[PDB]
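Chemist: File follows, my_file_6.txt with compact mmCIF, C-alpha atoms (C1' of nucleotides):
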# COMPACT_ATOMS: atom_id res chain seq x y z
CA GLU T 1 0.00 0.00 0.00
CA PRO T 2 1.38 3.41 -1.13
CA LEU T 3 -0.34 4.98 1.91
CA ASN T 4 2.01 7.76 3.05
CA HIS T 5 1.36 9.50 -0.29
CA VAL T 6 -2.36 9.45 0.25
CA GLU T 7 -2.03 10.86 3.78
CA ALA T 8 0.53 13.51 2.85
CA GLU T 9 -1.91 14.70 0.21
CA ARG T 10 -4.63 14.84 2.85
CA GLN T 11 -2.58 17.18 5.12
CA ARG T 12 -1.74 19.57 2.34
CA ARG T 13 -5.34 19.77 1.41
CA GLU T 14 -6.17 20.45 5.07
CA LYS T 15 -3.51 23.15 5.56
CA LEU T 16 -4.81 25.09 2.55
CA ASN T 17 -8.45 24.93 3.68
CA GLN T 18 -7.27 26.17 7.08
CA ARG T 19 -5.66 29.15 5.31
CA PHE T 20 -8.80 29.91 3.33
CA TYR T 21 -10.84 30.30 6.48
CA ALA T 22 -8.27 32.74 7.94
CA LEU T 23 -8.49 34.69 4.67
CA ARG T 24 -12.26 34.86 4.98
CA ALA T 25 -11.94 36.36 8.47
CA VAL T 26 -9.97 39.40 7.41
CA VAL T 27 -11.49 40.25 4.05
CA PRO T 28 -14.65 42.36 4.29
CA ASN T 29 -17.92 41.78 2.37
CA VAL T 30 -17.41 38.55 0.40
CA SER T 31 -20.69 37.10 -0.83
CA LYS T 32 -20.23 34.48 -3.51
CA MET T 33 -19.08 31.65 -1.32
CA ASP T 34 -16.78 30.01 -3.87
CA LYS T 35 -12.94 29.81 -3.47
CA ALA T 36 -12.09 31.57 -6.75
CA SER T 37 -14.38 34.45 -5.81
CA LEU T 38 -12.69 34.62 -2.40
CA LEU T 39 -9.24 35.13 -3.89
CA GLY T 40 -10.59 37.63 -6.39
CA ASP T 41 -11.96 39.90 -3.65
CA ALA T 42 -8.77 39.47 -1.65
CA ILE T 43 -6.65 40.78 -4.52
CA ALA T 44 -8.94 43.84 -4.90
CA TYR T 45 -8.87 44.49 -1.15
CA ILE T 46 -5.07 44.49 -1.10
CA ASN T 47 -4.83 47.00 -4.00
CA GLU T 48 -7.24 49.35 -2.24
CA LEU T 49 -5.27 49.24 1.02
CA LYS T 50 -1.83 50.05 -0.46
CA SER T 51 -3.45 52.78 -2.47
CA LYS T 52 -4.69 54.32 0.82
CA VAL T 53 -1.31 54.05 2.62
CA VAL T 54 0.28 56.01 -0.24
CA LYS T 55 -2.38 58.82 -0.17
CA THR T 56 -2.32 59.21 3.61
CA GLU T 57 1.52 59.42 3.97
CA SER T 58 1.51 61.95 1.18
CA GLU T 59 -1.28 64.08 2.74
CA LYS T 60 0.73 64.17 5.98
CA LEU T 61 3.91 65.53 4.29
CA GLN T 62 1.86 68.16 2.46
CA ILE T 63 0.18 69.52 5.63
CA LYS T 64 3.65 69.55 7.20
CA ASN T 65 4.50 72.14 4.53
CA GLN T 66 1.65 74.49 5.34
CA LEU T 67 2.56 74.40 9.01
CA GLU T 68 6.11 75.35 8.12
CA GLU T 69 4.92 78.14 5.79
CA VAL T 70 2.76 79.74 8.47
CA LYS T 71 5.55 79.64 11.10
CA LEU T 72 7.68 81.58 8.61
CA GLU T 73 4.92 84.18 8.03
CA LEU T 74 4.94 84.44 11.79
CA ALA T 75 7.73 87.03 12.25
CA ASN V 1 -18.92 18.49 -18.77
CA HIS V 2 -17.66 16.64 -16.92
CA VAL V 3 -13.89 16.47 -17.38
CA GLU V 4 -13.95 19.75 -19.26
CA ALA V 5 -16.06 21.52 -16.62
CA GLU V 6 -13.48 20.62 -13.98
CA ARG V 7 -10.63 22.00 -16.05
CA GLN V 8 -12.41 25.34 -16.20
CA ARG V 9 -12.83 25.57 -12.45
CA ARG V 10 -9.22 24.52 -11.85
CA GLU V 11 -7.97 27.13 -14.37
CA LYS V 12 -10.02 29.98 -12.88
CA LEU V 13 -8.37 29.27 -9.52
CA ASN V 14 -4.83 28.99 -10.81
CA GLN V 15 -5.11 32.33 -12.59
CA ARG V 16 -5.98 33.97 -9.31
CA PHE V 17 -3.13 32.41 -7.34
CA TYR V 18 -0.64 33.86 -9.78
CA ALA V 19 -2.19 37.35 -9.58
CA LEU V 20 -1.93 37.10 -5.80
CA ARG V 21 1.89 36.78 -6.16
CA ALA V 22 1.88 39.94 -8.29
CA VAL V 23 0.35 42.22 -5.62
CA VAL V 24 2.18 40.95 -2.47
CA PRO V 25 5.98 41.73 -2.03
CA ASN V 26 8.64 38.94 -1.61
CA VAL V 27 6.51 35.87 -2.32
CA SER V 28 8.02 34.34 -5.42
CA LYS V 29 9.02 30.71 -5.05
CA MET V 30 6.66 29.94 -2.17
CA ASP V 31 4.11 27.29 -1.41
CA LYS V 32 0.44 27.95 -2.11
CA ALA V 33 -0.29 27.78 1.65
CA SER V 34 2.57 30.07 2.73
CA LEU V 35 1.39 32.41 0.01
CA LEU V 36 -2.04 32.73 1.58
CA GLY V 37 -0.44 33.05 5.02
CA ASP V 38 1.75 35.98 3.96
CA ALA V 39 -1.17 37.58 2.13
CA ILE V 40 -2.97 37.59 5.48
CA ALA V 41 0.10 38.97 7.27
CA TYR V 42 0.46 41.67 4.61
CA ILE V 43 -3.22 42.70 4.89
CA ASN V 44 -2.67 43.11 8.63
CA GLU V 45 0.55 45.20 8.20
CA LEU V 46 -1.29 47.36 5.69
CA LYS V 47 -4.31 48.33 7.82
CA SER V 48 -1.99 48.92 10.73
CA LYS V 49 0.01 51.55 8.83
CA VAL V 50 -3.18 53.32 7.68
CA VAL V 51 -4.19 53.83 11.34
CA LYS V 52 -0.77 55.03 12.48
CA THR V 53 -0.26 57.45 9.63
CA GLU V 54 -3.75 58.95 10.10
CA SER V 55 -2.91 59.47 13.76
CA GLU V 56 0.26 61.37 12.92
CA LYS V 57 -1.64 63.51 10.40
CA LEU V 58 -4.15 64.70 12.99
CA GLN V 59 -1.39 65.69 15.41
CA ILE V 60 -0.03 67.95 12.63
CA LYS V 61 -3.49 69.36 11.71
CA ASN V 62 -4.05 70.49 15.30
CA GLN V 63 -0.68 72.18 15.27
CA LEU V 64 -1.52 73.97 12.08
CA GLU V 65 -4.66 75.47 13.47
CA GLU V 66 -2.90 76.83 16.55
CA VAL V 67 -0.35 78.92 14.60
CA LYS V 68 -3.13 80.13 12.28
CA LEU V 69 -4.75 81.56 15.42
CA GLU V 70 -1.51 83.29 16.60
CA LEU V 71 -1.05 84.74 13.12
CA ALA V 72 -4.47 86.39 13.12
CA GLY V 73 -3.98 88.21 16.42
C1' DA R 1 15.33 6.45 0.19
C1' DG R 2 11.23 8.77 0.86
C1' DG R 3 9.13 13.85 2.00
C1' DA R 4 7.09 17.88 -0.66
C1' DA R 5 4.64 20.10 -3.82
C1' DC R 6 1.72 20.31 -8.13
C1' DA R 7 -2.18 19.13 -11.86
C1' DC R 8 -5.27 15.62 -13.24
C1' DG R 9 -9.75 12.75 -13.89
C1' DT R 10 -13.63 10.78 -11.34
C1' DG R 11 -17.34 10.08 -7.84
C1' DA R 12 -20.77 12.60 -5.19
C1' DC R 13 -23.63 16.35 -3.62
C1' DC R 14 -26.79 20.65 -4.53
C1' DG X 1 -28.99 19.69 -14.19
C1' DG X 2 -24.89 23.12 -14.13
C1' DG X 3 -21.35 24.18 -10.87
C1' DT X 4 -18.56 23.10 -6.82
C1' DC X 5 -16.04 20.24 -3.49
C1' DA X 6 -13.01 16.11 -1.91
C1' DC X 7 -10.36 12.22 -3.07
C1' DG X 8 -6.71 9.13 -4.68
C1' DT X 9 -3.38 8.89 -8.39
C1' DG X 10 0.68 9.93 -11.43
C1' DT X 11 4.60 12.76 -11.69
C1' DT X 12 8.87 15.35 -10.70
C1' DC X 13 12.43 17.63 -7.63
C1' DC X 14 15.93 17.14 -4.16
Written as structure tokens, how would this file's structure read?
Modeler:
Amino acid sequence: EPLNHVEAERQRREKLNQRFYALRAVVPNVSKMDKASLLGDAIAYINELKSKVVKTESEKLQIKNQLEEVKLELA
Amino acid sequence: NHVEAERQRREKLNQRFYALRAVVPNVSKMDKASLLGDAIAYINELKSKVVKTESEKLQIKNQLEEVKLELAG
DNA sequence: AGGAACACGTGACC
DNA sequence: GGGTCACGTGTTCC
């Protein structure tokens, strides 16, 4: 019996399904319950988040300029 | 239908795994499972920075309004 | 030598 | 049904 190949395949399959559930717990608003749809919404969620990190760190630098401009106008 | 139908489902999935590698940094020759694990870790690092940066921004916006007030007096 | 990691066809469940 | 999941199998890489 080639059994240890059948069991090893069973653990891999289990580890991945464990990961899918953890993915479902952090990605907001998924409604088609299929696996392909899950990954699709995950990719979109990641793009949206890095896009926001870039806009916020930029807005912060920009407001740091106005503060510096007004200190200079002061005196 | 039925062999062909299964190839279409399998292909739809495999396309998406590869795209996942293209949006997360440093995950090139990894396992499918470790890939999903790091995607989760990266989503967590990403929200975390959004919160921290927005905190820093407010601290600076409060400071701006104070000097605006000193300027107009 | 055998563990790891992948894609495949087939049976079953809605 | 059409569409999805789980399973054992065949393969290749160290």
Chemist: Got a sec: who's within 10 Å of region 1-12 of chain R, counting only C-alpha atoms (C1' of nucleotides), leaving out chain neighbours fewer than 4 positions off, as a list in words?
Modeler: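 The residues that qualify are residues 4, 5, 8, 9 and 12 of chain T; 2, 3, 4, 6, 7, 10, 31 and 32 of chain V; 5, 6, 7, 8, 9, 10, 11, 12, 13 and 14 of chain X.
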Chemist: Please build the interface table for chain V against chain X with a cut-off of 9 Å, listing for each qualifying residue the nearest atom pair and the distance in Å to one decimal; count all atoms listed in the file, order rows by chain and increasing number, and write it as a Markdown table.
Modeler:
| residue | atom | partner | partner_atom | distance |
| --- | --- | --- | --- | --- |
| V:1 | CA | X:2 | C1' | 8.9 |
| V:5 | CA | X:3 | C1' | 8.3 |
| V:9 | CA | X:4 | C1' | 8.4 |
Chemist: I need the chosen residues saved as a JSON list (two decimals), keeping the file's coordinate frame, with C-alpha atoms.
Modeler:
[["chain", "number", "residue", "atom", "x", "y", "z"],
["V", 1, "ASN", "CA", -18.92, 18.49, -18.77],
["V", 5, "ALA", "CA", -16.06, 21.52, -16.62],
["V", 9, "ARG", "CA", -12.83, 25.57, -12.45]]
Chemist: So which residues touch region 48-57 of chain T within 8 Å, counting all atoms listed in the file, skipping near sequence neighbours fewer than 4 positions away, as JSON, numbers by chain?
Modeler: {"T": [44, 61], "V": [43, 46, 47, 49, 50, 53, 54]}
Chemist: T:14, T:2, T:21, T:66: which is nearest residue 34 (chain T), counting only C-alpha atoms?
Modeler: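 Using only C-alpha atoms, the shortest distance to residue 34 (chain T) belongs to T:21.
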Chemist: Restricting the calculation to all atoms listed in the file: of V:52, V:21, V:29, V:61, which residue gets closest to residue 64 (chain T)?
Modeler: V:61
Chemist: Which of these, T:75, T:33, T:27, T:16, has the shortest distance to chain V once you count all atoms listed in the file?
Modeler: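 Using all atoms listed in the file, the shortest distance to chain V belongs to T:16.
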Chemist: Residues near residue 67 (chain V), anyone? I mean within 12 Å using all atoms listed in the file, not counting same-chain ones fewer than 4 positions away, as a PDB file with C-alpha atoms, keeping the file's coordinate frame.
Modeler:
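What ended up in around.pdb:
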ATOM      1  CA  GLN T  66       1.650  74.490   5.340  1.00  0.00           C
ATOM      2  CA  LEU T  67       2.560  74.400   9.010  1.00  0.00           C
ATOM      3  CA  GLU T  68       6.110  75.350   8.120  1.00  0.00           C
ATOM      4  CA  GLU T  69       4.920  78.140   5.790  1.00  0.00           C
ATOM      5  CA  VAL T  70       2.760  79.740   8.470  1.00  0.00           C
ATOM      6  CA  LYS T  71       5.550  79.640  11.100  1.00  0.00           C
ATOM      7  CA  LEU T  72       7.680  81.580   8.610  1.00  0.00           C
ATOM      8  CA  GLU T  73       4.920  84.180   8.030  1.00  0.00           C
ATOM      9  CA  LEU T  74       4.940  84.440  11.790  1.00  0.00           C
ATOM     10  CA  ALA T  75       7.730  87.030  12.250  1.00  0.00           C
TER      11      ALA T  75
ATOM     12  CA  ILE V  60      -0.030  67.950  12.630  1.00  0.00           C
ATOM     13  CA  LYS V  61      -3.490  69.360  11.710  1.00  0.00           C
ATOM     14  CA  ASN V  62      -4.050  70.490  15.300  1.00  0.00           C
ATOM     15  CA  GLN V  63      -0.680  72.180  15.270  1.00  0.00           C
ATOM     16  CA  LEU V  71      -1.050  84.740  13.120  1.00  0.00           C
ATOM     17  CA  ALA V  72      -4.470  86.390  13.120  1.00  0.00           C
ATOM     18  CA  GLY V  73      -3.980  88.210  16.420  1.00  0.00           C
TER      19      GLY V  73
END
Chemist: Between CA of residue 20 (chain T) and CA of residue 40 (chain V), measure the distance and give it in Å to one decimal.
Modeler: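 Interatomic distance here is 9.9 Å.
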Chemist: Tell me which of T:19, T:24, T:32, T:13 sits closest to chain V, counting only C-alpha atoms.
Modeler: T:19
Chemist: Could you write out as AutoDock Vina command-line options the box around region 3-9 of chain R (axis-aligned, all atoms listed in the file, 6 Å on each side), with centre and edge lengths in Å to one decimal?
Modeler:
--center_x -0.3 --center_y 16.5 --center_z -5.9 --size_x 30.9 --size_y 19.6 --size_z 27.9
Chemist: Using the atoms already present, construct N, CA, C and O atoms for region 32-55 of chain V and hand them back as an mmCIF file, in the frame of the given file.
Modeler:
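Output file part22.cif is given in full below:
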data_model
loop_
_atom_site.group_PDB
_atom_site.id
_atom_site.type_symbol
_atom_site.label_atom_id
_atom_site.label_comp_id
_atom_site.auth_asym_id
_atom_site.auth_seq_id
_atom_site.Cartn_x
_atom_site.Cartn_y
_atom_site.Cartn_z
ATOM 1 N N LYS V 32 1.763 27.340 -2.009
ATOM 2 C CA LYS V 32 0.440 27.950 -2.110
ATOM 3 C C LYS V 32 -0.086 28.356 -0.706
ATOM 4 O O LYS V 32 -0.666 29.425 -0.531
ATOM 5 N N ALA V 33 0.135 27.506 0.289
ATOM 6 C CA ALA V 33 -0.290 27.780 1.650
ATOM 7 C C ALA V 33 0.462 28.945 2.301
ATOM 8 O O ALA V 33 -0.154 29.820 2.909
ATOM 9 N N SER V 34 1.784 28.966 2.179
ATOM 10 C CA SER V 34 2.570 30.070 2.730
ATOM 11 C C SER V 34 2.201 31.363 2.028
ATOM 12 O O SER V 34 2.281 32.439 2.621
ATOM 13 N N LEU V 35 1.797 31.247 0.764
ATOM 14 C CA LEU V 35 1.390 32.410 0.010
ATOM 15 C C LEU V 35 0.172 33.047 0.646
ATOM 16 O O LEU V 35 0.146 34.243 0.900
ATOM 17 N N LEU V 36 -0.826 32.235 0.942
ATOM 18 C CA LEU V 36 -2.040 32.730 1.580
ATOM 19 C C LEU V 36 -1.717 33.264 2.981
ATOM 20 O O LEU V 36 -2.237 34.304 3.386
ATOM 21 N N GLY V 37 -0.838 32.578 3.707
ATOM 22 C CA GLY V 37 -0.440 33.050 5.020
ATOM 23 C C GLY V 37 0.198 34.438 4.992
ATOM 24 O O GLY V 37 -0.142 35.293 5.811
ATOM 25 N N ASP V 38 1.093 34.684 4.036
ATOM 26 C CA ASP V 38 1.750 35.980 3.960
ATOM 27 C C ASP V 38 0.811 37.049 3.419
ATOM 28 O O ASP V 38 0.949 38.228 3.748
ATOM 29 N N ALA V 39 -0.158 36.639 2.606
ATOM 30 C CA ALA V 39 -1.170 37.580 2.130
ATOM 31 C C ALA V 39 -1.949 38.096 3.344
ATOM 32 O O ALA V 39 -2.214 39.298 3.468
ATOM 33 N N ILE V 40 -2.302 37.191 4.247
ATOM 34 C CA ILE V 40 -2.970 37.590 5.480
ATOM 35 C C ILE V 40 -2.080 38.493 6.337
ATOM 36 O O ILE V 40 -2.517 39.527 6.837
ATOM 37 N N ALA V 41 -0.831 38.109 6.522
ATOM 38 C CA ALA V 41 0.100 38.970 7.270
ATOM 39 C C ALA V 41 0.234 40.360 6.636
ATOM 40 O O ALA V 41 0.272 41.372 7.335
ATOM 41 N N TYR V 42 0.274 40.410 5.307
ATOM 42 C CA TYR V 42 0.460 41.670 4.610
ATOM 43 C C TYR V 42 -0.781 42.547 4.752
ATOM 44 O O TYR V 42 -0.652 43.766 4.898
ATOM 45 N N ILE V 43 -1.971 41.936 4.718
ATOM 46 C CA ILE V 43 -3.220 42.700 4.890
ATOM 47 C C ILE V 43 -3.245 43.330 6.280
ATOM 48 O O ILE V 43 -3.622 44.493 6.442
ATOM 49 N N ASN V 44 -2.818 42.574 7.280
ATOM 50 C CA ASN V 44 -2.670 43.110 8.630
ATOM 51 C C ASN V 44 -1.630 44.267 8.744
ATOM 52 O O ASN V 44 -1.904 45.290 9.358
ATOM 53 N N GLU V 45 -0.443 44.120 8.153
ATOM 54 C CA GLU V 45 0.550 45.200 8.200
ATOM 55 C C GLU V 45 0.027 46.474 7.553
ATOM 56 O O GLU V 45 0.299 47.590 8.004
ATOM 57 N N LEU V 46 -0.768 46.279 6.515
ATOM 58 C CA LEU V 46 -1.290 47.360 5.690
ATOM 59 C C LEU V 46 -2.361 48.212 6.377
ATOM 60 O O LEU V 46 -2.366 49.432 6.252
ATOM 61 N N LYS V 47 -3.295 47.576 7.076
ATOM 62 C CA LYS V 47 -4.310 48.330 7.820
ATOM 63 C C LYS V 47 -3.677 49.069 8.983
ATOM 64 O O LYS V 47 -4.018 50.219 9.299
ATOM 65 N N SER V 48 -2.721 48.390 9.595
ATOM 66 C CA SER V 48 -1.990 48.920 10.730
ATOM 67 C C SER V 48 -1.271 50.230 10.398
ATOM 68 O O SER V 48 -1.231 51.141 11.217
ATOM 69 N N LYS V 49 -0.702 50.331 9.202
ATOM 70 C CA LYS V 49 0.010 51.550 8.830
ATOM 71 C C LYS V 49 -0.989 52.674 8.550
ATOM 72 O O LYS V 49 -0.719 53.833 8.858
ATOM 73 N N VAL V 50 -2.137 52.335 7.965
ATOM 74 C CA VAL V 50 -3.180 53.320 7.680
ATOM 75 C C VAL V 50 -3.588 54.050 8.964
ATOM 76 O O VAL V 50 -3.685 55.265 8.984
ATOM 77 N N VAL V 51 -3.776 53.289 10.040
ATOM 78 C CA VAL V 51 -4.190 53.830 11.340
ATOM 79 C C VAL V 51 -3.126 54.751 11.940
ATOM 80 O O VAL V 51 -3.432 55.814 12.492
ATOM 81 N N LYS V 52 -1.878 54.299 11.886
ATOM 82 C CA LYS V 52 -0.770 55.030 12.480
ATOM 83 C C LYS V 52 -0.474 56.324 11.734
ATOM 84 O O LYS V 52 -0.142 57.349 12.340
ATOM 85 N N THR V 53 -0.575 56.276 10.416
ATOM 86 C CA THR V 53 -0.260 57.450 9.630
ATOM 87 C C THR V 53 -1.362 58.491 9.832
ATOM 88 O O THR V 53 -1.074 59.680 9.986
ATOM 89 N N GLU V 54 -2.610 58.038 9.916
ATOM 90 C CA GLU V 54 -3.750 58.950 10.100
ATOM 91 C C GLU V 54 -3.710 59.618 11.460
ATOM 92 O O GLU V 54 -4.137 60.767 11.603
ATOM 93 N N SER V 55 -3.100 58.934 12.426
ATOM 94 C CA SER V 55 -2.910 59.470 13.760
ATOM 95 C C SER V 55 -1.921 60.618 13.776
ATOM 96 O O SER V 55 -2.164 61.660 14.391
#
